[PDB]
């Protein structure tokens, strides 16, 4: 038997995929996870004892972003190995496009929480290779099921590009993406590029957009192609869209939900 259900915080969540928890943990009816330190437990009774003794009320590492009650912690996988291994085990219950990270040390994890008087409650995270040869600014991204399709994924996508901008580089998520990840990235790219096209007094090129957004030229071009806003001329893609056409697209339902924004002013991060 695999783990088929977890209790974490106030949530019970059914598993989507196999995750390699030890066999004695999988055979239980449920796995119980401390929402702050991510220790996993076999029994409601050990969980309740842990709840009363654990001192953690937020992720470890540095809080590199805080605006109102939305926070991001930066967690080095080498410095917090057990926490990050447990995070990976949790995530693997809900991801199958990513083999489980039996080694978390090459990665830094950006943990998203929303905060109340009780503590900082984990919503999801993305991981990033400390040195990525390719142009990957996200290695894995996971939003816990009860928080999916509620703006948190968009926030983490935006956040990963804000880091890329601070590194003066373009970046792209490692592939493959989940089906929801694919739709989320495509909508994020579409919204960002449309917004810039609407607001920029003048002619933006694809290279311009890539420098302003840290989205790769390849992801910009495929996005503009899906929007039918690019011509081809003598071997180059060229943006071709009227201001009215940009406005029409931006009025679509895909972009009607007010985002959780990433306020650059609240981001406390310098490149290493």
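Positions refer to the first chain, counted from 1.
Here the stretch with the larger average CA B-factor, out of 36 to 44 and 226 to 234, is 226 to 234. Looking at mean Cα B-factors across 151 to 159 and 126 to 134, the upper value is held by 126 to 134. As recorded in the entry, 204 carries the highest CA temperature factor of 204, 51, 70, 215. Highest CA B-factor among 85, 139, 118, 172, as stated in the entry: 118. When the CA B factors of the chain's modelled residues are split into thirds, the value for residue 30 lands in the middle one. In the deposited entry, the Cα temperature factor of residue 191 places it in the middle third of its chain's modelled residues. Residue-level temperature factors show residue 12 in the lowest third of its chain, judged at the C-alpha atom. Ranked by Cα temperature factor within the chain, residue 197 sits in the middle third according to the deposited record. Ranked by Cα temperature factor within the chain, residue 92 sits in the lowest third according to the deposited record.
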